[PDB]
Structures are given as structure tokens and as C-alpha cells.
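Below: the structure, in C-alpha cells.
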Amino acid sequence: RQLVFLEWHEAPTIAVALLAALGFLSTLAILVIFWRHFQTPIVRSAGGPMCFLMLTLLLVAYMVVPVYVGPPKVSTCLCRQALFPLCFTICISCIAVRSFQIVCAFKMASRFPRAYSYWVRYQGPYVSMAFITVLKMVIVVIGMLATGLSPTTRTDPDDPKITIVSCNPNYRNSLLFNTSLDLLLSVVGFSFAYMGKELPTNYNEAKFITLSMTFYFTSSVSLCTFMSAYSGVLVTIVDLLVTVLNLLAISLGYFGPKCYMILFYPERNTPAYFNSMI
Amino acid sequence: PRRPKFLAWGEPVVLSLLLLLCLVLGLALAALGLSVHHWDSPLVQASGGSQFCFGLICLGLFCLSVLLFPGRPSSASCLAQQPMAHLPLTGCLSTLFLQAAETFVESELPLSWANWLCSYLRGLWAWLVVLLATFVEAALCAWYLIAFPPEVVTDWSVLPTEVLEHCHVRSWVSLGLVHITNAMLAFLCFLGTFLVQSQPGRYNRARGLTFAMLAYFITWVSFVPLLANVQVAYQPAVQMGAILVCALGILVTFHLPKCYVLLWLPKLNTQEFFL
């Protein structure tokens, strides 16, 4: 019998690699455009260095493909199982927190200040992001070290001559327990963002949060359906395609409008204009 | 000895779906009747005039397509089942896509580009868009009927004392070749409308379009696991149900409330409120 894993000759593998290359280059363009304009409202309203942290994490996440492809090793098991997915969840947590801040803060201050000031004081935002981060991290560690750090193999269901090599035992179950927390975060951020669809507060970014969360939600549901109806060789590259599409749904779908306005609506970057939106 | 097995005309699983077909087709043709009677009024013109009627007719054909699934299989039935559903479905969905295009352009675009582009979403060029969508659907169906044509399969072994005859799809992954166009049109239609903000004192097409596409996607997401899990004898029933429930999801959500406004609330059918 014969072992199977992704390799650079394959049409879908090279296609996905090109898509990931597009994502990485666009993210780098975003980052540098931000860096030059670091002192201006469009990026200062984005929280400044936090967005550079997020963009660094996205740049690292786009580096998955060369590690995802080829014959696996224990190190590649760690990379595929934990290191990159955690980088994704970290970013989604920050998007959710900003979604909450944009729409809910003023109302909560006007209606429940004695409780909400506990979130206002100390380090509420960082506390929320860290709590979600360690939640995902510990769940990932539990799953990975329970199911094993070595590669796993199975017999193909309709051409049994080939055996398929992967790093996620019980693929549907593993993906469920990986993505459930991210689905929760997605729904929460989408709810707050949609309640904020009218607000201009920070260059209308509630609208873009809604759009990006939609792009993530549809892809996640599609992947869950596909894994509920298919088991062949394609799974281990459909997962990668969905991962890259999610990374695009963030990198383009949330940051792109900001740089688009920086380039082609610089008048709105003037403080005198920002004072009409704040 | 073995007896053949397939969805029989008169099996309750078939009759209960034929009654649903009766309801859906009756609602569609009643909506068309109300449309024809109030053809010139603002609520119809704001729906693209004859575009409304053509969409309803395409939906009616889409519903009537289910009669090919039950009964004794034949090669013609096997090859006809999918195209006869999804081609009229394209002919229907493209009109809702045009409505979403209008509601998006006139709410989320600068006024110069809005007043310029809106001219090409009406008249001859709207029929051009519909025709292009239908042509692409037909091309992918022609690809399907050559690269992945289904066959009448006789399966002696999968039942304990009966012979299963079914229109065997070679693989589910191959069946997306006919879905992709309708799915992408539905997704674009949804994205075009789901985030719009209503002006006060005027009608709001975007909510109807949004909920119609939401029902479409709920139906066709539920369709896959049901097709995977159901007994091999009743997959035609699942396909018929998916078709009819999708048609109902569109019909109850988009056309029917306009019919309701025509019947109960004609005071709203005014130039100021709709146009």
C-alpha cells in the first residue's frame, strides 16, 4: 500500500499555496501602510500597537502552508494542532472585544455603571482577551495531548490501496472541539456588531466586523456540513482551504477598508473630520 | 423471491409531498394572479414589473420539477432530475439578485455612481443579466451531463428481500456542479441586503430579500446531512422535500407579503411609499 499527503505538485495544493501567498502579501501591505501612517486618526482609533500585534499574528498564521504540506513530524503535529489555530483564535477574540466596546459601552455606562465600572477599571479588555486565550489554549492542549502528538493514519474508504496521513484523529470530532469556542465568539461579535450597524463611531467598523463575521460563519458552516458528508482524501486540504479563507476573511475583510480609506479618502483622516465621528 | 422497491405513486411519503406541491404551486399562481390584476400599480413596478411575473413563473416550474423523482426510474428521468430543477431555479434567483443589486446600489454607493449604474439594472440589460445567469447554469449542466451523468442502478444486495432501483449519483462532490451557480447568486443576494438600514415612511425590499436567502441557505444546509443519513430507499423523498421547502421558503417570504399588502392594505400601494 501507499502513503498519501499533500505535496507541491498537486493542482489544489499549489492553488491553495498561491491563495495563501496572496493573503500574506496583502497583510504585509496593510502592515506597512499602517506603519507609515502610525500617527493619524484612522490607525489611532484602531488602537495603534494592538493592530500591529494582530497583523503580526496574521502574518505568522499565513505561514502555515509550508508547514502543513509534506510528510509530518512531531513538530509539525504541534504546529498543525496548536500553534497556528491559537494565533487565529487570539485575533478573533480581539475582534469580538472591539465589537462589544463599540456598541455596548455607552449604554452600559448610562444604565449599569456600578457593575460595568468593574470592566472599565483594572484591565477589562486585556482580561477578556487573556481569559479567552487561555481557555482555547488549555482546551487545545487537553485535546492534543489526549489524542497524541504523533501522526495518525487511516484506510481510504473507497480506494483502500492508499492510506491517508494526518495529525487530527477523529477529524470531525477534533474539528468540532477545536471550532466550538470560535463559533461562540463569532456569534457574540456578530450580535454586537449588527446591533451597531448604524454607528459611525470608529470609521463605521461595526459594519466591517459584521461582514467579516459573516464570511467566517458561512465558511465554518460549510466545513461542518462537508465533514458531516465526506471522508475521502480531500478533507486534509479542504480544511486548509477553509483556514486560508478565514484568514483572508479577517485580513482583507476587516483591515482592507481602513487602508482603502487611508489611500483613497485621505480627507476623512483629518482630525477635524474625525471629530464629527467620535 | 425479490420484489423491486422505489417510491411508489400513492405511498404516503409521496402523497404528503404532492399535497405540499399543491400548496406551493397554488400560492405561486395566486400571487401571479394578483400581480396580473395589479400590473400597473406602484408595488408591482417597484418589483421590476414583468420581472415579478417571470420570477413567479420560474418558481412554478421549479416546483413542478419534483414529479420526476418518484416512480419507476428511467434513464431519461435520471438525466433530467437535476437540470429540470436547478435551471428554472437560476431563472428565478437571478431576478431576486437584480432586486438586491438595486437595493444595494441605492443605499451603499456614492450618488454619482448610483444614478449612473442604476440605468443598467432596468430594461433590456436586466434581461441580459438574467440570460447570462441562465446560460452559465446551462453550460455547467452540460458539463455535468458529460463528466458526471447519473445512471439507473439495480442494487440486489442492499435490501433483505427486495431490489433497490435508484438514480445513482456517482458522488455528492460531483453534485455541486449544478448547485454552485444558484448558491453563489443566493450568497451575493444575501450580502447585498442583510445590512441595509430602512428610511422612515417607505417600503423596505431588503428585509424580504434577506430572509428569503436565509431560508434558502437553511434549507440547502439541512439538505446535505439528511441525504447522507436517510435510508437508501428514500433519498428521492429528501430531494423532493428540499426542492419544495426551498420554493416555499422563497414564496412565503418575498412574494406573499406583497400579495398580502395588495389584499389587506392597498392604501400603502402609492407612489410615495414604494417609489
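Chain labels A, B, ... are given in the sequence in which chains occur in the C-alpha cells; within each chain residues are numbered consecutively from 1, and ligands are likewise numbered from 1 in the order shown.
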
Taking only residues of chain A that have an atom at most 9 Å from an atom of chain B, what is each one's shortest atom pair and its distance in Å to one decimal, using only C-alpha atoms, in chain and number order, as JSON lines?
{"residue": "A:194", "atom": "CA", "partner": "B:195", "partner_atom": "CA", "distance": 7.8}
{"residue": "A:197", "atom": "CA", "partner": "B:195", "partner_atom": "CA", "distance": 7.1}
{"residue": "A:198", "atom": "CA", "partner": "B:197", "partner_atom": "CA", "distance": 7.5}
{"residue": "A:207", "atom": "CA", "partner": "B:195", "partner_atom": "CA", "distance": 7.8}
{"residue": "A:210", "atom": "CA", "partner": "B:195", "partner_atom": "CA", "distance": 8.4}
{"residue": "A:211", "atom": "CA", "partner": "B:191", "partner_atom": "CA", "distance": 8.2}
{"residue": "A:214", "atom": "CA", "partner": "B:191", "partner_atom": "CA", "distance": 8.7}
{"residue": "A:221", "atom": "CA", "partner": "B:221", "partner_atom": "CA", "distance": 8.2}
{"residue": "A:222", "atom": "CA", "partner": "B:221", "partner_atom": "CA", "distance": 7.9}
{"residue": "A:225", "atom": "CA", "partner": "B:224", "partner_atom": "CA", "distance": 7.0}
{"residue": "A:226", "atom": "CA", "partner": "B:224", "partner_atom": "CA", "distance": 8.4}
{"residue": "A:228", "atom": "CA", "partner": "B:225", "partner_atom": "CA", "distance": 6.4}
{"residue": "A:229", "atom": "CA", "partner": "B:228", "partner_atom": "CA", "distance": 6.1}
{"residue": "A:230", "atom": "CA", "partner": "B:172", "partner_atom": "CA", "distance": 8.3}

Tell me, as number ranges by chain, which residues lie within 8 Å of residue 205 in chain B, counting only C-alpha atoms; anything in the same chain fewer than 3 positions away does not count. B: 99, 103, 208-209

Quick one: write out the picked residues with N, CA and C atoms as a PDB file, in the first residue's frame?
ATOM      1  N   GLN B  99     -32.981  42.535  -7.756  1.00  0.00           N
ATOM      2  CA  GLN B  99     -33.594  43.355  -6.713  1.00  0.00           C
ATOM      3  C   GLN B  99     -32.570  43.727  -5.644  1.00  0.00           C
ATOM      4  N   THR B 103     -31.282  47.486  -4.454  1.00  0.00           N
ATOM      5  CA  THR B 103     -31.335  47.951  -3.071  1.00  0.00           C
ATOM      6  C   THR B 103     -29.943  48.218  -2.507  1.00  0.00           C
ATOM      7  N   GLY B 208     -37.169  41.516   3.005  1.00  0.00           N
ATOM      8  CA  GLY B 208     -37.720  40.368   2.311  1.00  0.00           C
ATOM      9  C   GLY B 208     -36.651  39.567   1.596  1.00  0.00           C
ATOM     10  N   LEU B 209     -35.788  40.252   0.839  1.00  0.00           N
ATOM     11  CA  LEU B 209     -34.726  39.543   0.128  1.00  0.00           C
ATOM     12  C   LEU B 209     -33.823  38.789   1.104  1.00  0.00           C
TER      13      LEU B 209
END

So which residues of range 89-179 of chain B fall under strand (DSSP E) by DSSP, listed as a ChimeraX atom specification? /B:151-155,162-168

8 Å contact set for range 97-104 of chain A, only C-alpha atoms, chain neighbours under 2 positions out, as a PyMOL selection string: chain A and resi 93-95+106-108+125+128-129+189-190+192-193+195-196+199+201-202+206+209

Residues within 12 Å of residue 271 in chain B, only C-alpha atoms, excluding chain neighbours under 2 positions, as a PyMOL selection string: chain B and resi 40-46+201-203+266-269+273-275

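Look at residue 55 in chain B: the protein and nucleic acid residues within 7 Å of it, using only C-alpha atoms and passing over chain neighbours fewer than 3 places away, are residues 51, 52, 58, 59, 92 and 95 of chain B.
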
I need the residues in range 27-276 of chain A that are helix (DSSP H, G or I) according to DSSP; give them as a count of residues only. 190

Residue with smallest distance to residue 144 in chain A - pool A:188, A:92, A:77, A:127, counting only C-alpha atoms: A:77
